[PDB]
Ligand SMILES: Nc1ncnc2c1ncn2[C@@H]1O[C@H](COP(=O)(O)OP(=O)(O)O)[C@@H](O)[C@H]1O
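Next comes just one chain, in structure tokens: the form deposited without the ligand.
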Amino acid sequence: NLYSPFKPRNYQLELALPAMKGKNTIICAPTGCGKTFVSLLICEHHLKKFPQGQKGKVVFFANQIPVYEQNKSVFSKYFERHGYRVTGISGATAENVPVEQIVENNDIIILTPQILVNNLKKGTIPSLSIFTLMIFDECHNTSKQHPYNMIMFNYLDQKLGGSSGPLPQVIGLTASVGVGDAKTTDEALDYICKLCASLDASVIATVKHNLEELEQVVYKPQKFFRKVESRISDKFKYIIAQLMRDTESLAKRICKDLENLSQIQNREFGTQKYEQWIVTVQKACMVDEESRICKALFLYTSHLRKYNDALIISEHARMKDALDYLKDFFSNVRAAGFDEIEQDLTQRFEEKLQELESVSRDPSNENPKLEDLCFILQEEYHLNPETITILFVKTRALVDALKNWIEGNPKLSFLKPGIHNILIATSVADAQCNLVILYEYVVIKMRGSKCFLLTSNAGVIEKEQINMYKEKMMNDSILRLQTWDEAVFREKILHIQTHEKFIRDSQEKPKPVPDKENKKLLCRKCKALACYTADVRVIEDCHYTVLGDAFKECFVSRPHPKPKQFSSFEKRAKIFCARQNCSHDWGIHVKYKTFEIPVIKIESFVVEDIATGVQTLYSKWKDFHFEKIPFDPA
């Protein structure tokens, strides 16, 4: 892909120009236009421009590991013939290697930003002056408390409170600078100017002179929005909902306080949030004596899940599909395993089968949205018949529902659906597709194409039109500030930077006063006493452990199938409340400096005042202001 002798399009040269002039630039161009190659050009010119005797140093920031890897590879291959030493550092590297010496012995360093934040903090890397060029990938993240913005806080602290050493050139790559919570074009302009100030950029580089050349290869689908209406009378949903109430009551019979077993609140039937609730409930009940209870509970939650699925299918396909799904499920349950609970469940289902059948086959309960879909399909194909279509639905079951519905629609006899001899690809998640339809879907980021958005929800339409308006404000604002003289703009930016810096330095949180009184840490679920706060030690300023052998007998440990390591310790296992019927998630168990020690999260605990009985809940240790004692190998 990015590995063949790339020959530049004119727009890439145009984009590369201001950066090669030494200007701090935000390069803004669509996804897949070759901003990476542009960055290669800029890096090449930058390194090559130094007179013999001098040498530059370039750091490229990547936010995700895959990007880190792919650009490490690309950069390593591109500057092969040049002789430049190319390396990279990620959380998989450090802390295994001495970073300062790596940065010193290399010319092109690909980094995840948090590495650099860490090494600026610890002072291992003293100044950003060892770099002559910085490249930020996805530079629009340079805002708020993002690592990019921290690095740039270091940069700007060096620039404003002036400091002897030279600052590197800063380059940013993005496809959209964003507008934040802008409602007016002026607020958009202010936001964009703020982003430019955060990156110390004086130029926004967009394609202007070679726009035609760009648009000729950019996926810009014709956006179509179609608001559809849903059924007024749905008795199917009423019935299934009653079944689900029955099942949840049955579940509460074997698990009181099921209502406080998950943190997900105000669940509703036939939603993805309910699905998530099922997931968390099954999670918070892993399958001695408690395992039986959890197995029963598992059966109940499984059936609830099937019911939820069916409700969704009924919402977006036809009742027949939902009932068919349910019938396959219950047939399968009847087949491979007869249990008391299960047979009871299928039995409670079969007492409702006939009424469900009647509501299903009722032609007044048919789904109006499918008519709209059908008509869109007809209209699009009865024009261009060699049309290949991709259709996005929101569940795996809705795929099969839609497919069955298509293959059984006389008005759609010309279609051959698939999940070359396939006209329609129906799917859930993932350019050469000339027809895209988002049939009630939850995202179009990836030679005459259009995109349809079918939904019964008006808020989705609203959201989309809002997004488009924001796009327009963004582009207009960018043109506007591109008109300005660079010096005026630099003055403005400078004083924005001064303002922001002052705000940062002033709004430092005043150091908190700790209540040095000893308090109780109880299990949040079962309320059993886990420990006391005086046995608690802070590790690496952000992590919390408990001392003593007394605590070792208060938690059981289950081995982590994903033993990942960080720049501090290795997550070996997870820990739980040792009461053999609670088993609440308490945190993890780590290997830290050859020590095998527990690390706990305050969100799994209640803080009780000993003298009283006053309890308090904390989600973050940072908000729990008690006497925080440092850890010590003793």
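Quick note: we count residues from 1 along the sequence shown, nothing fancier.
What comes next is about the form deposited with the ligand bound, which does not appear here.
- Taken together, 6, 30 and 35 are fully in contact with the ligand in the deposited bound form: each brings a heavy atom within 4.5 Å.
- Put simply, residue 25 is far from the ligand in the deposited bound form: not one heavy atom of it is within 4.5 Å.
- None of 568-576, 50-58, 593-601, 35-43 except one has non-hydrogen atoms within 4.5 angstroms of the ligand in the deposited bound form; the exception is 35-43.
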